[PDB]
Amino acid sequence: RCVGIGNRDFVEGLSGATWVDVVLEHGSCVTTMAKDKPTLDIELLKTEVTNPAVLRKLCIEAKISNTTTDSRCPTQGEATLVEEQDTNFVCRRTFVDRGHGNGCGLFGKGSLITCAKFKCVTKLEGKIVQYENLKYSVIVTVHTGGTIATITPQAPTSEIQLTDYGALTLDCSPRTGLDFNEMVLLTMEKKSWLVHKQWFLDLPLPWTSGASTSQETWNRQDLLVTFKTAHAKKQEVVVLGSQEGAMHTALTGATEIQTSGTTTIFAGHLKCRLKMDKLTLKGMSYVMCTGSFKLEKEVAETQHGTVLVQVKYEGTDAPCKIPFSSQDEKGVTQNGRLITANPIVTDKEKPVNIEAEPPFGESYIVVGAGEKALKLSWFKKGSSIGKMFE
């Protein structure tokens, strides 16, 4: 089940250490073996975001109450309410017709002020992932027939003592992929999505800072509140309905994600350096596969410019290296664009996930060699920050 480490991925020093490169991906696991010692496996078990900070909260369903109105006859100056100075209140000033029929000695315009109490009933939250929120669990196993290392952006290193191998340092970083500088965690009711940051910040709903407070205070309440036409002494204030449906539609296409409580689970990717004492490893070689591949399922698209391809091998020579190619609209082999580190069929009866990054526009993905090759045409659309909330 593990992919063996190739001799290009390590150096034994004449003196000093043996240094080893590995890439860990959800699912995959990597293995190597030293001069007469037990097998060594490494594997990424999970990737979690925990307790991310709120950027802003937004209101998708508001309620209105305590509607108060003050009005004054044309010769009686500007109307005033004390709730004008209350930030729980949303207020509006006008002038209305006044005259004999409503208590005034003159026909003319009278001042009017109306204030109502705004309450958010249903809100959503946009949350930022910082370095302190990301965590990876990496399990390292010596096959005397396991130790779970915790890796974080600020604590990328874990020194671990192994039977027979000795002290082994794991020095791991996240692979380049999802960018938490640009993507925000959006949580509405019970579901979550990854959305672009300015998309979120520019949403036209009442909003409040994520900052620490005792007194929740909304900005842009007007976006959900409608003051109806005023009468001499009274004016109705109304509220829009819930915008959960408008938000659901605007989020169409955004990646949904699974979060229990304050924890969100990702499909992580790590690049690691292993440092151990000077030691001669047994590098593992693989011949290019020679048989055919079928698509175990449809080519899936990520929201950050990649595609995931899962294939099944039909040939006889596993374990072997999967021949992979990308060609742009016009046949040019690209000699790159393969994201998966270890494109290896280690088990003929296990499907193999391959991630790759197609050119923009029309292109072709090719797995396998020769005429036996699976050829798939792909169209990749230019980048977008999301769909407009209406």
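Note that residue numbering begins at 1 and tracks the sequence as displayed.
Unresolved deposited residues lying between neighbours residue 145 and residue 146: Gap between residue 145 and residue 146: 10 or more unmodelled residues.
Look up the CA B-factors in the entry and say which stretch, 89-97 or 254-262, has the higher mean. Higher mean C-alpha B-factor: 254-262.
Averaging the C-alpha B factors as listed in the entry, name the stretch that ends up higher: 73-81 or 186-194. In the deposited entry, the stretch with the higher C-alpha B-factor mean is 186-194.
Looking at the C-alpha B-factor values in the deposited entry, which of 34, 55, 45, 30 comes out highest? Max CA B-factor in the entry, restricted to 34, 55, 45, 30: 34.
If you compare 112, 178, 225, 274, which has the highest Cα B-factor in the entry? So the option with the highest C-alpha B-factor is 178.
Residue 341: which third of its chain by C-alpha temperature factor? CA B-factor rank for residue 341: highest third.
Chain thirds of CA B-factor: placement of residue 288: Within its chain, residue 288 is a highest-third residue by C-alpha B-factor, going by the deposited values.
Comparing residue 156 with the other modelled residues of its chain, is its CA B-factor in the lowest, middle or highest third? Its C-alpha B-factor belongs to the middle third of this chain's values.
Within this chain's modelled residues, let me know which third the CA B factor of residue 218 belongs to: lowest, middle or highest. Middle third - that is where residue 218 ends up once the chain's C-alpha B-factors are sorted.
Ranking the modelled residues of this chain by C-alpha B-factor as given in the entry, is residue 347 in the lowest, middle or highest third? Its C-alpha B-factor belongs to the highest third of this chain's values.
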